[PDB]
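Trainee: Here's a structure for you.
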Amino acid sequence: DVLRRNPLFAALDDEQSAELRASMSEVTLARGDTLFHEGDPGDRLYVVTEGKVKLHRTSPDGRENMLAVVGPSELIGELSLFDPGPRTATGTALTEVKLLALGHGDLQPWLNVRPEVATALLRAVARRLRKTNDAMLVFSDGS
Amino acid sequence: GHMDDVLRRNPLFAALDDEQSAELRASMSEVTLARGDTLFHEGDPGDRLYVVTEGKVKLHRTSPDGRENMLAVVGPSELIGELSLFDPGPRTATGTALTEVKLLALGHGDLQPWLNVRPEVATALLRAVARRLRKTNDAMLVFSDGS
Amino acid sequence: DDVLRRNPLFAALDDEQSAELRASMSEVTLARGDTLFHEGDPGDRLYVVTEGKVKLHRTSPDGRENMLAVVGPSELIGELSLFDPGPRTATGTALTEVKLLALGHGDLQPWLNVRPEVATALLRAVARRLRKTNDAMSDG
Amino acid sequence: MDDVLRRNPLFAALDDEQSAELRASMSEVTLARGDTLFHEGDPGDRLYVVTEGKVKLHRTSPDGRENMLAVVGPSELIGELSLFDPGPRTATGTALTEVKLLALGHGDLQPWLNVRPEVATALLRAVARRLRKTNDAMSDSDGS
């Protein structure tokens, strides 16, 4: 429910979302705690359940580049679930936070049983890709 | 190894192993067009990906003025309607055979049986799509400034 | 160094061009909580923040404000509205007391009429943004 | 629009006298079928408007794959942003027919703006709109 309040999982039914929740782990942050640092290995997504999380980078002059504030029911590290890679930002608790995490290693076991879910996940991610490279302009003019 | 190389010269199936490529190939259907045949019409329901194996397909779209604007010319080893395999929806272009064309097609409907036979494929397909969506959004403009 | 030249748009201006741009601008002071502009307001003005911080936010489909950026000293707001006026797509709010320098689209032609090297510099800067875009970036 | 110059978003704002001047200040270029206008990677500093004939733009892929990109006909622009920000040609241009073009180079820009100072804001609007609608399309940030 908190879990289906995002486009990735918004297509799941009660049974499927109940199973997803049981595949996930509970994560707690105190205010000011770091969830991860830019460049850390990332192989998991989070759904925020309560509190707020800040994502930033830092410019070569030393100034914070503030990228987002992620609140209840929003995703962190969505694409890490499918394609693990270095974190592109540092995540920092602004408040007492609760999240649910799903790791890349938990993906295959969840999907082995449920190929109905794999297709729903593929539809979700492909919907997003569709709009991106469509928007991603022309210059087919040899500028 | 070189068996299904034609199916791997693209950002979707590039990482498939030889066995997965064999399953992909067995799952596909052969299509052959004569010159001037239309593969599909813009606006048609679309739920298939194609890999052209010979000939050329011109993709085109109807102009605000009634003419067809050229969009692409697709030849051997290139894909048509890639994301429609995962997210069926109306065709945004007409594909017209410029020559004798042969293609291999995979439909949305063929995906589930393949994933059921080979569950690792779901993870591999999710990886491939996530990778590109990543490059588009991340490796790539800003102006979060209001204007 | 120069608060106006720490952005890709005006970076290539020399000392005297920056000074004359600055003399052509309007200073704006905001108290904490003041709104610089509302989403949907006519937008025809670029700002450079010179002190404090401005939060840019957009109304989310669920009705919460969604933060797009926080803009600090040396950073731009409304850059493209200087050249191509149109509705503001975000609300800007002062998180602190804020001072800015503003240049409006109405000021642009008076400034450029006698400064063709500046105009060419600005065109290069905008175009380069397009070039690097596509240097980083269908099926039917 | 009958004007071979004002059928594109870049120059579409201009009035009759400023287009005629612009035209007479551009250089005429002639290509025979099979001529190369430019090679992908070549330094570029000018835009062209095709006045007659057709130019194929194609770029080259991993295996050495000549990859078709556009066919540019009369009243259409080639290398638009090369005028403002000279850099490497993103494609090869090959004449499909005998072709005629008008060329405007980066070096012709400052003298033009000296004679016609108000043109600067019209070009800025046009390039900024290209950039804005992109940004408007985009702005589709979670640590990845």
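Here's how to read the names in the structure tokens: chain A, B, ... by the order shown, residue numbers from 1 in each chain, ligand numbers from 1 in the order shown.
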May I ask you to extract the residues of chain D within 12 Å of chain B, using only C-alpha atoms, and to give them as JSON, numbers by chain?

Mentor: {"D": [56, 57, 58, 61, 62, 63, 65, 66, 67, 68, 69, 70, 71, 72, 73, 128, 129, 131, 132, 133, 134, 135, 136, 137, 138, 139, 140, 141, 142, 143, 144]}

Trainee: Write to file, as a PDB file, in the first residue's frame, the residues of the selection just made, with C-alpha atoms.

Mentor:
```
ATOM      1  CA  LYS D  56      22.029  12.780 -46.990  1.00  0.00           C
ATOM      2  CA  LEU D  57      23.291  12.948 -43.398  1.00  0.00           C
ATOM      3  CA  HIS D  58      24.657   9.713 -42.018  1.00  0.00           C
ATOM      4  CA  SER D  61      28.647   3.016 -36.021  1.00  0.00           C
ATOM      5  CA  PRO D  62      30.999   0.524 -34.185  1.00  0.00           C
ATOM      6  CA  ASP D  63      31.621  -2.044 -36.956  1.00  0.00           C
ATOM      7  CA  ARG D  65      28.421   0.996 -40.176  1.00  0.00           C
ATOM      8  CA  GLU D  66      27.297   3.889 -42.338  1.00  0.00           C
ATOM      9  CA  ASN D  67      24.104   4.787 -40.504  1.00  0.00           C
ATOM     10  CA  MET D  68      21.421   6.946 -42.137  1.00  0.00           C
ATOM     11  CA  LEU D  69      20.235   9.949 -40.158  1.00  0.00           C
ATOM     12  CA  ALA D  70      18.363  12.491 -42.314  1.00  0.00           C
ATOM     13  CA  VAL D  71      17.657  13.687 -45.838  1.00  0.00           C
ATOM     14  CA  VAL D  72      17.770  17.471 -46.019  1.00  0.00           C
ATOM     15  CA  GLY D  73      15.956  19.266 -48.871  1.00  0.00           C
ATOM     16  CA  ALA D 128      16.802  29.280 -26.181  1.00  0.00           C
ATOM     17  CA  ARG D 129      13.471  27.793 -27.315  1.00  0.00           C
ATOM     18  CA  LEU D 131      16.934  24.443 -25.249  1.00  0.00           C
ATOM     19  CA  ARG D 132      13.747  25.192 -23.277  1.00  0.00           C
ATOM     20  CA  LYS D 133      11.377  22.662 -24.903  1.00  0.00           C
ATOM     21  CA  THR D 134      14.080  20.034 -24.387  1.00  0.00           C
ATOM     22  CA  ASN D 135      14.166  21.021 -20.691  1.00  0.00           C
ATOM     23  CA  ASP D 136      10.336  21.147 -20.760  1.00  0.00           C
ATOM     24  CA  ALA D 137      10.225  17.664 -22.293  1.00  0.00           C
ATOM     25  CA  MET D 138      12.928  16.548 -19.852  1.00  0.00           C
ATOM     26  CA  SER D 139      13.053  16.984 -16.087  1.00  0.00           C
ATOM     27  CA  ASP D 140      11.593  13.527 -16.005  1.00  0.00           C
ATOM     28  CA  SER D 141      17.322  11.921  -8.783  1.00  0.00           C
ATOM     29  CA  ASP D 142      17.288   9.108  -6.189  1.00  0.00           C
ATOM     30  CA  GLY D 143      20.977   8.197  -5.680  1.00  0.00           C
ATOM     31  CA  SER D 144      20.435   6.043  -8.791  1.00  0.00           C
TER      32      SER D 144
END
```

Trainee: May I have all residues of stretch 3-139 of chain B that DSSP, computed from the backbone, assigns to strand (DSSP E), given as a ChimeraX atom specification?

Mentor: /B:29-33,38-40,45-46,48-54,57-62,68-74,79-80,89-90,94-97,101-107

Trainee: Starting from chain D, keep only residues with some atom at most 8 Å from an atom of chain C, counting only C-alpha atoms, and report them as a VMD selection string.

Mentor: chain D and resid 81 84 to 85 109 to 110 113 to 114 117 to 118 120 to 121 123 to 129 131 to 132

Trainee: Return the single residue from B:76, B:113, B:119, B:89 that is closest to chain A, with distances computed using only C-alpha atoms.

Mentor: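 The shortest atom-to-atom distance to chain A comes from B:119.
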
Trainee: Starting from chain C, keep only residues with some atom at most 8 Å from an atom of chain A, counting only C-alpha atoms, and report them as JSON, numbers by chain.

Mentor: {"C": [67, 68, 69, 70, 134, 137, 138]}

Trainee: Using C-alpha atoms, can you write the selected residues to a file as an mmCIF file, in the first residue's frame?

Mentor:
```
data_model
loop_
_atom_site.group_PDB
_atom_site.id
_atom_site.type_symbol
_atom_site.label_atom_id
_atom_site.label_comp_id
_atom_site.auth_asym_id
_atom_site.auth_seq_id
_atom_site.Cartn_x
_atom_site.Cartn_y
_atom_site.Cartn_z
ATOM 1 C CA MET C 67 11.686 20.550 -4.300
ATOM 2 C CA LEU C 68 13.480 20.862 -7.663
ATOM 3 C CA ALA C 69 16.532 22.811 -6.505
ATOM 4 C CA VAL C 70 17.951 25.048 -3.824
ATOM 5 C CA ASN C 134 23.449 15.724 -27.809
ATOM 6 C CA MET C 137 22.476 11.569 -26.366
ATOM 7 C CA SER C 138 14.104 5.101 -32.812
#
```
